[PDB]
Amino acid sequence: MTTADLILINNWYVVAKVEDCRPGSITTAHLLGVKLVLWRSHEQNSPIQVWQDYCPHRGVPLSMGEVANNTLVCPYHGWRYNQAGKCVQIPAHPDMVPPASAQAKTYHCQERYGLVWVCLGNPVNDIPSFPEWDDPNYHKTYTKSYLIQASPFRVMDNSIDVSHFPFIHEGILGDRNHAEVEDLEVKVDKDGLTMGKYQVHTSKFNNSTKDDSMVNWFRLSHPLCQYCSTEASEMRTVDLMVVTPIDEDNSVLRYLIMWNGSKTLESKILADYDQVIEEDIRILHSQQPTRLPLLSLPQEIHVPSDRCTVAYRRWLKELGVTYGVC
């Protein structure tokens, strides 16, 4: 049984890309300790069902079955479950109405921004906003998924931290000889956590061109999804960073990236993200304790450039998070 807090259960999380879930497909995923099955009927534009991956007859994963005639069919005795999760046929007794108990545990699913979002509980909140999604001046791309052996809150803590840039992203986002961090603007309010415009010192790459001089800001409406905005020399790049909380100690990381420069930059964008992400994963894998320490092994130390990661920890306690934190 999931020990996640209600505040986490009642939120939306990404579990897959829509483009990887074809009609007729069966996909597995994991969310807040729960094993999920995602399936679609073979019809074009069919919805995605997201259920607990478990047949209540003899305990077989329904994901080992098959999709047929708009049902998911268990492999073991062939019980057929309709789109609402109700068993509508037991082959051993074809004239018998299946018992009302023969029902899959179903969850909420929405497709948004080409991503599959799931809510295991009763969705109080909305899916986070992504204003550029419907802007045709912006192209889109998606990173691969990254499976990370770290708490989802440590993953997000690292992506709120800006002072590490000249050290583990040396050569892309700065150098150890330019590591001073200016005062940061941070607010935690009704819109969530927002880091105000911050100047990022970048390493020179193309000697023919002007300095990149990027300015970054971001906002988290909810604690595992970050909207990030970067203004560079002649282009804006935005992204939605979504962390899937597999369990307390493990995460999946994905980005949806949009930019209003040339579509031909997609390869460079994906490779630059991959380089930065893997540098962060080396740190994340190593951090102890695995779960994120909240405010109160020696205690964490905080300096002024930690203002936003301190605010993140404060927010998590205000939210009542106990899962994935310590």
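Rigid core (definition): largest C-alpha set, two forms, superposition within 1.5 Å. Residue positions are given as counts along the sequence shown, with the first one as 1.
Engineer: So, in 4 other deposited structures of this protein, taking the root mean square over structures and residues of the Cα distances after a rigid core fit: is 171-179 or 192-200 the more displaced stretch?
Structural biologist: Per-stretch check in 4 other deposited structures of this protein: the more divergent one is 171-179.
Engineer: Would you mind working out which of 212-220 and 251-259 sits farther from this form in 4 other deposited structures of this protein by RMS C-alpha distance, with the rigid core as the fit?
Structural biologist: Clearly, after the core fit, the stretch farther away in 4 other deposited structures of this protein is 212-220.
Engineer: Would you say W133 goes unmodelled in a third or more of the other compared entries?
Structural biologist: No, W133 is modelled in every one of the other compared entries that cover both of its flanks.
Engineer: Check whether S151 has no coordinates in at least a third of the other compared PDB entries of this protein, counting only entries that model residues on both sides of it.
Structural biologist: No, none of the compared structures omit it.
Engineer: Should the segment between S296 and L297 be described as having none, 1 to 3, 4 to 9, or 10 or more unmodelled residues of the deposited sequence?
Structural biologist: Gap size class: 4 to 9 residues without coordinates, per the record.
Engineer: Taking only the CA atoms, which stretch has the higher mean B-factor in the record, 138-146 or 206-214?
Structural biologist: Between 206-214 and 138-146, it is 206-214 that shows the higher mean C-alpha B-factor.
Engineer: Which has the higher mean CA temperature factor in the PDB entry, 259-267 or 276-284?
Structural biologist: For C-alpha atoms only, the mean B-factor is higher in 259-267.
Engineer: Taking the Cα B-factors listed in the entry, which of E111, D239, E182, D157 comes out highest?
Structural biologist: Result of the comparison over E111, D239, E182, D157: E182.
Engineer: From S251, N125, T194, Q89, which pick has the Cα B-factor that tops the rest in the entry?
Structural biologist: Highest C-alpha B-factor among the listed options: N125.
Engineer: Ranked by Cα temperature factor within the chain, is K190 in the lowest third, the middle third or the highest third?
Structural biologist: Answer is highest: the recorded C-alpha B-factor places it there.
Engineer: Going by the entry, which third of its chain does the Cα temperature factor of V116 land in?
Structural biologist: Its C-alpha B-factor belongs to the middle third of this chain's values.
Engineer: Sorting by Cα B-factor within the chain, modelled residues only, which third would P289 end up in: lowest, middle or highest?
Structural biologist: As the PDB entry reports it, the C-alpha B-factor of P289 lands in the highest third of its chain.
Engineer: Where does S163 sit by CA temperature factor within its chain: lowest, middle or highest third?
Structural biologist: According to the entry, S163 has a C-alpha B-factor in the chain's middle third.
Engineer: Quick check on the deposited entry: does the C-alpha B-factor of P98 sit in the lowest, middle or highest third of its chain?
Structural biologist: CA B-factor rank for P98: middle third.
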